[PDB]
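Asker:
Numbering (our numbering), first residue to last: 30 to 153.
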């Protein structure tokens, strides 16, 4: 087998603007436990998933979307628009909503993948 074995969904209502980001966070985190081959985080990984056109939905904290350092900011905004170029979805997270401190464990920048990108799950 493969699927099954202890999994849930903490579904609850929220503000619809927040709840799109939260759904993407949730759907992402599900995979992050299961198969992080479909759940990329950290700018570099996401930039590789963009080459793969594999990005279903791209997560970023708005504070990174408007980083102070021009080069740092540039990367994120470039990658963001370049996912729209690849017809992926974009999700703008808030520092305020708990989904921001959540994303912080993942450098505040991630994306869900439609297929497991050919770089494997995670490493040690």
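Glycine included, each C-beta is placed from N, C-alpha and C at the ideal position.
Mind listing, in chain order, the continuous alpha helix (DSSP H) runs of no fewer than 4 residues lying wholly within the segment 43–102?
Answerer: The qualifying runs are 45–62, 72–80 and 91–94.
Asker: What residues are listed by DSSP as bridge partners for residue 122?
Answerer: For this step, residue 122 is matched to residue 93 along the chain shown. Residue 122 pairs with 90.
Asker: If you draw a straight line from the alpha carbon of residue 128 to that of residue 103, how long is it in whole angstroms?
Answerer: As a position in the chain shown, residue 128 is number 99, starting the count at 1. As a position in the chain shown, residue 103 is number 74, starting the count at 1. Their Cα atoms are separated by approximately 23 Å.
Asker: Assuming residue 78 contacts residue 140 (C-beta within less than 8 Å), just tell me the rounded distance between them.
Answerer: For this step, residue 78 is matched to residue 49 along the chain shown. For this step, residue 140 is matched to residue 111 along the chain shown. Indeed, because the Cβ distance is near 6 Å, the residues count as touching under 8 Å.
Asker: Secondary structure at residue 135, three-state DSSP: helix, strand or coil?
Answerer: The residue given as residue 135 occupies position 106 in the chain shown. In the structure shown, residue 135 sits in coil (DSSP, three-state: anything other than H, G, I, E or B).
Asker: Please confirm whether residue 122 and residue 108 have their CB atoms less than 8 Å apart.
Answerer: On the chain shown, position 93 is the one that residue 122 refers to. On the chain shown, position 79 is the one that residue 108 refers to. Contact: no.
Asker: Can you list, in chain order, the residues of its chain with a C-beta nearer than 7 Å to that of residue 151? Leave out the 5 residues immediately preceding and following it.
Answerer: Working through the chain shown from its first residue, we reach residue 151 at position 122. So the qualifying residues of the chain are 65.
Asker: Around the Cβ of residue 74, are there at least 16 other Cβ atoms within 10 angstroms (buried) or fewer (exposed)?
Answerer: Taking the first residue of the chain shown as 1, we reach residue 74 at position 45. Looking at its Cβ environment, which holds 16 or more other Cβ atoms inside 10 Å, residue 74 is buried.
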